[PDB]
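The next block holds one structure in the form of structure tokens; read it before the comments.
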Amino acid sequence: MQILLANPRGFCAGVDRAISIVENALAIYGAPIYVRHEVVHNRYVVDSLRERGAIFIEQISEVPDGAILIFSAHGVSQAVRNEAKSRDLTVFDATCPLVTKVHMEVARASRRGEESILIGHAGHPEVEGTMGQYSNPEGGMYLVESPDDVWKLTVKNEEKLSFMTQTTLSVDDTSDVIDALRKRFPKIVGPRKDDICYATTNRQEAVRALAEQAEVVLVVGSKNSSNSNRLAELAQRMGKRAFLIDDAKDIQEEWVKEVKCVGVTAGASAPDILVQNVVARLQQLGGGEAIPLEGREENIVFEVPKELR
Ligand SMILES: O=P(O)(O)OP(=O)(O)OCc1ccncc1
Ligand code: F3S
């Protein structure tokens with residue numbers, strides 16, 4: 001069995017920053033450090049940080065006075081932020097710069113009382129945080145997940161309309177949603193393409209190349225990782241068996257029995273050590289040397305705040 005590794009895979013700049021923010025905070029101030037939501041959607045990362053004294057909460061009312069609070073990479077609403085800001089808490093923001101970018105555009109539109117549509121998945125913390133930047137009741141903020149959602153949306157003023165997206169969506173599906181927005185709302189304004197980040201785009205392109213060669217694709221990532229789920233789905237839509245797995249123990253032998261070529265990738269929140277262990281397990285199951293595919297070079301790094309060096 002041949003083992004192929006997707007490229008790029010694994011950690012993006014936002015995840016590496018966000019985890020570093022929590023680690024550094026722990027080093028500097030000691031336990032406990034409170035974190036609003038899982039810092040990234042990865043069980044191994046989260047369990048590790050919890051073992052070191054990070055306490056993960058959903059609501060700010062769970063955090064005691066005087067405490068250090070870190071917002072997760074996914075971002076937070078203005079309401080959450082103001083709810084923290086009014087309290088005695090020392091806040092560090094691990095929100096990925098590429099999510100903040102979208103937040104600022106929503107805020108701009110709200111200031112103008114002009115309606116905005118976000119493309120994204122209901123209930124995801126990034127969607128809650130981005131929708132949560134809009135507060136002007138004279139305008140409006142609408143969530144759409146599909147062309148069908150576009151087809152039934154009505155707005156108050158379609159002459160003054162803009163759209164934004166979640167950073168981790170399917171590039172292909174999002175393109176269909178945008179085509180629908182533009183047919184329904186010909187004057188809608190957006191970015192040139194979408195707000196899908198470089199890392200999401202690149203991993204999706206990489207898993208497409210992988211799935212062209214591999215019969216089976218393993219995506220290292222947790223169940224609640226949006227971007228990780230998109231990688232698995234992409235592979236599945238190409239007719240390959242694909243599994244989203246937290247670690248090597250999750251691999252079932254039937255999945256790779258008599259498979260001549262297995263591919264491995266990792267979502268943006270999955271540490272490389274998890275991939276190494278997955279490879280080690282595939283080798284126990286008869287795989288040879290892991291072969292990295294040729295891939296687009298990524299070179300972006302986001303630094304921690306100077307307050308946390
Ligand atoms: O893919 P997810 O949105 O569920 O988050 P994740 O798996 O934690 O990846 C990091 C991240 C954070 C912020 N925006 C994009 C990606
Ligand atoms: S939005 Fe940021 S957290 Fe990673 S997946 Fe994209 S660089």
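Some notes on this structure:
- Taking every Cα-Cα distance in the chain and sorting them into 10 Å bins starting at zero, the pair-distance distribution P(r) comes out as 6, 26, 30, 24, 12, 2, 0 percent.
- Take every pair of alpha-carbon atoms less than 8 Å apart whose residues are at least six positions apart; their mean separation over the length of the stretch 60-140 yields a relative contact order of 35 percent.
- Förster radius 41 Å - calculated FRET efficiency between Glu159 and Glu62 (Cβ-Cβ, nearest 0.05): 0.40
- Annotation: extensible slack from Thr90 through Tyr29 equals 20.9 nm (criterion: 0.36 nm per residue apart, minus Cα-Cα distance).
- Over the chain, relative contact order from alpha-carbon pairs under 8 Å, at least 6 apart, %: 26
- Rel. contact order, % - alpha carbon contacts under 8 angstrom, at least six apart, the stretch 97-196: 31
- Given their separation in residues at 0.36 nm each and the Cα-Cα distance between them, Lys306 and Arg112 gain 66.5 nm when the chain is fully extended.
- Spacing of the two label points (7 Å from each Cα toward its C-beta) at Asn136 and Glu298, in nm: 3.5
- Cβ-to-Cβ counts within 10 Å put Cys261, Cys96 in ascending order as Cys261, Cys96, the fewest first.
- From most to least packed by mean Cβ count within 10 Å, the peptides 29-36, 3-10, 282-289 give 3-10, 29-36, 282-289.
- A simple spin-label model places the labels of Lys183 and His124 2.3 nm from each other, with each point 7 Å out along Cα-to-Cβ.
- Distance in nm between pseudo-label sites at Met238 and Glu253 (7 Å out along the Cβ direction from Cα): 2.9
- Applying D = kT/(6 pi eta Rh) to the stretch 97-196, where Rh is the Kirkwood radius over alpha-carbon pairs, T corresponds to 25 °C and eta to 0.890 mPa s, the Stokes-Einstein value obtained is 186 µm²/s.
- Relative to the current alpha-carbon distance between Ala79 and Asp172, full extension at 0.36 nm per residue lengthens the span by 30.2 nm.
Read-outs throughout are calculated quantities, based only on the coordinates presented, and are distinct from any laboratory measurement. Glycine also receives a Cβ, built like all others from the backbone with ideal geometry; neighbour counts cover every protein chain displayed.
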